[PDB]
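A short worksheet on the structure shown next.
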Amino acid sequence: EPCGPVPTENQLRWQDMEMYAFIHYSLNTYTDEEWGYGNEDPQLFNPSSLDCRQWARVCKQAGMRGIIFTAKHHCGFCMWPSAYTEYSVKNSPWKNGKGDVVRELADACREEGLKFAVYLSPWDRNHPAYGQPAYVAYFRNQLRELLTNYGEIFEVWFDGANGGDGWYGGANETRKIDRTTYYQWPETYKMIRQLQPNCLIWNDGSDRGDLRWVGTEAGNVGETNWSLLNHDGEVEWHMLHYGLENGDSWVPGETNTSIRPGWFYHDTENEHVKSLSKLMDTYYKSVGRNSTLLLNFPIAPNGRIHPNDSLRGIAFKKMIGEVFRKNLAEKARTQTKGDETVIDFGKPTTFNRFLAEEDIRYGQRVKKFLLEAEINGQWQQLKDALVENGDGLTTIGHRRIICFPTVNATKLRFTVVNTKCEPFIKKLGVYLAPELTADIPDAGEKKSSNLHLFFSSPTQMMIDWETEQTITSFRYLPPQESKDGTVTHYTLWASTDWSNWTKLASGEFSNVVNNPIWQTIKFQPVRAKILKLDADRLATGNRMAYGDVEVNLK
Ligand code: NA
Ligand code: NA
Numbered sequence: 048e049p050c051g052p053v054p055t056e057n058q059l060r061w062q063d064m065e066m067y068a069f070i071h072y073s074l075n076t077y078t079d080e081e082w083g084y085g086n087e088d089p090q091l092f093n094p095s096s097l098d099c100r101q102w103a104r105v106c107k108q109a110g111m112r113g114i115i116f117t118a119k120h121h122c123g124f125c126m127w128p129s130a131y132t133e134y135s136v137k138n139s140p141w142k143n144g145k146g147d148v149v150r151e152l153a154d155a156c157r158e159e160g161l162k163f164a165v166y167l168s169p170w171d172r173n174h175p176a177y178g179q180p181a182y183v184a185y186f187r188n189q190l191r192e193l194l195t196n197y198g199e200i201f202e203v204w205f206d207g208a209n210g211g212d213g214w215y216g217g218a219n220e221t222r223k224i225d226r227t228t229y230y231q232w233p234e235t236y237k238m239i240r241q242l243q244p245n246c247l248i249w250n251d252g253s254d255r256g257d258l259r260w261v262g263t264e265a266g267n268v269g270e271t272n273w274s275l276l277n278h279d280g281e282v283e284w285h286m287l288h289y290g291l292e293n294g295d296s297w298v299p300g301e302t303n304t305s306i307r308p309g310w311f312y313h314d315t316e317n318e319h320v321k322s323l324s325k326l327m328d329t330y331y332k333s334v335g336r337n338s339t340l341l342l343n344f345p346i347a348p349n350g351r352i353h354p355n356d357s358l359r360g361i362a363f364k365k366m367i368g369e370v371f372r373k374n375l376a377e378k379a380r381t382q383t384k385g386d387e388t389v390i391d392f393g394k395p396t397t398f399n400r401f402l403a404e405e406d407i408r409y410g411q412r413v414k415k416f417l418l419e420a421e422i423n424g425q426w427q428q429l430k431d432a433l434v435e436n437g438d439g440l441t442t443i444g445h446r447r448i449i450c451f452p453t454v455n456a457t458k459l460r461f462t463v464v465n466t467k468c469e470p471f472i473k474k475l476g477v478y479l480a481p482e483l484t485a486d487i488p489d490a491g492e493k494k495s496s497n498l499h500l501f502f503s504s505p506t507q508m509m510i511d512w513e514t515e516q517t518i519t520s521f522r523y524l525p526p527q528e529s530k531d532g533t534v535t536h537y538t539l540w541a542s543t544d545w546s547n548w549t550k551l552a553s554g555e556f557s558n559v560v561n562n563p564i565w566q567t568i569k570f571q572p573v574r575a576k577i578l579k580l581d582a583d584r585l586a587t588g589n590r591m592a593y594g595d596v597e598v599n600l601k
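Under this note's numbering, think of the first position of the sequence shown as 48, with each following residue one higher.
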């Protein structure tokens, strides 16, 4: 009964995993860097307390259905005793060079009932022949090892990220490849299919794999999300984030992000494990937007996931269970006339979530829908409160969840406005999510939790919005866990065009160490799109830290 491209059985089961974990752990875990350069010393790999069973337990307790593990990241250090390199745990002090992290994690996923997956970085900064054909054969030999010796692999991840320069066996060169042709993916893809016929291939930047990136690391996919791409030709950013309405291939998007600002463990980020409200936001913008959530939990130098991350994951899984515990549509009278479905609760009913699912076994069909609630005898249009322009009511696909201000309503109407073919709605749901407040245990809410906060480097932090903003003040809170990167001087810029621009500040945080209270920066209202905070000397370290920041508006 189909309509446009349809997913394979593998792609259906993957989609139903809903959330699974990423785990990043490499030599740069020990150098406090997001990337390793390729000459990090394997002697660094010496955790005091490694336990892959803890990783699996933590992930399972956050509601993850599997784990994708960095068997090898960009620096090229291998987490399993490959036959093809010495740059691996064969030559680390951990278990006297006799350990295999891929094995222990595979076993632990098995023990905890989690699916297991591997990330094998195509870009390799250690290998002397990177960018030459000999590295391609090395890559495949290693991939053969991972898909032969560790049981069932649910996904294989080929990062598109490439920074050009690396140690490269001592050459210290910057090397350029043609990403469309260098890795020779088709021969590699055949091997994957042969060794692991149930495995889904994620790739970005070249030959289409079974899954696609969503074009950002922030943890969202488009409010419009077609699980389609075309098989051939270049993929624009817009196609990653929103998919392609008439794409000739089912290539569903995977929403990847970290539970911390960085992918790897950093001590200064222990205070910034994303809050419950931020993760719920990500949930609604991944699982709630026809995607899966790939949430990264990094391993600390001691070989364990940090307890902050663990506690937050549990609070997250708990809240998701609470929001969706009671489908209010279940007791209601539901009927469909034409393109209109009315859920009649029979009495005034309080809710703030709507959920629809298409039966995507038969493809993705809905292009546009409407939501109305009958409030005091009058129909009122609802919209997606998480979408800034438009009502956000376009595609549905695997699952679409719509948040809106809580209403007290006797009926809700769901209308399929536009569709490719006759829609097959497999499920409809209505729910009352509880208030997200700071005092929820382990929620970790901060004033900055849902600001788009990132750094450029350790003098400078930046904030930005989607729309343009009239900013009347800015506040800085020093770190309260430890004082390592406390900011003493500060200068603060605003901007409308990303060109850094205009200066608000010049100051000095007074007695900020012996008195870590909120610091307020005074300035005339600026219209701005971006803020820019400079650390002008850092009290005890090399990366500026903060407890929290607040941006006030008109
Ligand atoms: Na393919
Ligand atoms: Na909140």
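From the three backbone atoms N, C-alpha and C, an ideal C-beta is built for every residue, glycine too.
Distance cut-off 7 Å: residue i Cβ against heavy atoms of ligand 1
i: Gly123; result: no
i: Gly256; result: yes
i: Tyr236; result: yes
Reference residue i; option with closest CA among the options
i: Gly290; options: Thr271, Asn303 and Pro49; result: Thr271
i: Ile248; options: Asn267, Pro299, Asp212 and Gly266; result: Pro299
i: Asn562; options: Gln108, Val183 and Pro525; result: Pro525
i: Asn277; options: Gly51, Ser520 and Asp544; result: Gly51
i: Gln90; options: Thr235, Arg100, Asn75 and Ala103; result: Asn75
i: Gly217; options: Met509, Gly368 and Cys122; result: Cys122
i: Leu258; options: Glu369, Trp297, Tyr331 and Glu281; result: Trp297
i: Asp581; options: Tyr537, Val573 and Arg574; result: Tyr537
i: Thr517; options: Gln566, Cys450 and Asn599; result: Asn599
i: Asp438; options: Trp426, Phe451, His445 and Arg446; result: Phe451
i: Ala480; options: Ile449, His499, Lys162 and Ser496; result: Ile449
i: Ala490; options: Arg574, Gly410 and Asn355; result: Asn355
i: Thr195; options: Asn86, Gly554 and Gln241; result: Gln241
i: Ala379; options: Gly393, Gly424 and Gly368; result: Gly393
i: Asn188; options: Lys162, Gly198, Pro128 and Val148; result: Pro128
i: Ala130; options: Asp279, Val261 and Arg191; result: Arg191
i: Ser95; options: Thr381, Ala347 and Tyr177; result: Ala347
i: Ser73; options: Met327, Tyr134 and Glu369; result: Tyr134
i: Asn423; options: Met508, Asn399, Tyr478 and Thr457; result: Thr457
i: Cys125; options: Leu193, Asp63, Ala181 and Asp79; result: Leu193
C-alpha distance - residue i paired with residue j, whole-angstrom precision
i: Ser529; j: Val596; result: 17 Å
i: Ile487; j: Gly360; result: 13 Å
i: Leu342; j: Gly266; result: 9 Å
i: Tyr84; j: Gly144; result: 22 Å
i: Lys415; j: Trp82; result: 42 Å
i: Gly146; j: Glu159; result: 21 Å
i: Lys493; j: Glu318; result: 10 Å
i: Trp310; j: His71; result: 6 Å
i: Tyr312; j: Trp540; result: 29 Å
i: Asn93; j: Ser139; result: 7 Å
i: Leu167; j: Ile115; result: 10 Å
i: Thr397; j: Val454; result: 6 Å
i: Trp284; j: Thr263; result: 9 Å
i: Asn349; j: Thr442; result: 44 Å
i: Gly444; j: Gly532; result: 45 Å
i: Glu292; j: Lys365; result: 35 Å
i: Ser553; j: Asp583; result: 9 Å
i: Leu326; j: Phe363; result: 7 Å
i: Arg60; j: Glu377; result: 26 Å
Ligand 2 heavy atom lying under 7 Å from the CB of residue i
i: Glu492; result: yes
i: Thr484; result: yes
i: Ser324; result: yes
Cβ distance (whole Å) where residue i is taken to contact residue j below 8 Å
i: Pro169; j: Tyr230; result: 6 Å
i: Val105; j: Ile352; result: 5 Å
i: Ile568; j: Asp511; result: Not a contact, Cβ separation roughly 18 Å.
i: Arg222; j: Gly252; result: With 8 Å as the limit, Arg222 and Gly252 do not qualify as a contact, their Cβ atoms being about 16 Å apart.
i: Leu433; j: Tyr331; result: 6 Å
i: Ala592; j: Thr315; result: 5 Å
i: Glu199; j: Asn245; result: 7 Å
i: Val389; j: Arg447; result: Actually they are not in contact, since the Cβ atoms of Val389 and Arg447 sit about 19 Å apart, beyond 8 Å.
i: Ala155; j: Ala118; result: That belief does not hold up - the Cβ atoms of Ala155 and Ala118 are roughly 15 Å apart, past 8 Å.
i: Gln571; j: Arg522; result: That belief does not hold up - the Cβ atoms of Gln571 and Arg522 are roughly 16 Å apart, past 8 Å.
Quick one: which unbroken alpha helix (DSSP H) runs of 4-plus residues sit fully inside the stretch 178 to 229? Chain order, please. List check, alpha helix (DSSP H) in window: 180 to 195.
Enumerate, from N- to C-terminal direction, the unbroken alpha helix (DSSP H) stretches of 4 or more residues contained entirely within the stretch 369 to 415. Considered as a whole, the stretch 369 to 415 harbours no complete run of any alpha helix (DSSP H) with no fewer than 4 residues.
Could you tell me which uninterrupted alpha helix (DSSP H) segments, each at least 4 residues in length, are contained entirely in the stretch 258 to 311, listed from first to last along the chain? If we require 4 residues or more, the alpha helix (DSSP H) runs fully inside the stretch 258 to 311 come out as 284 to 289.
Hey, which unbroken runs of the alpha helix (DSSP H) at 4 residues or more fall wholly within the stretch 109 to 168? You should have 148 to 159.
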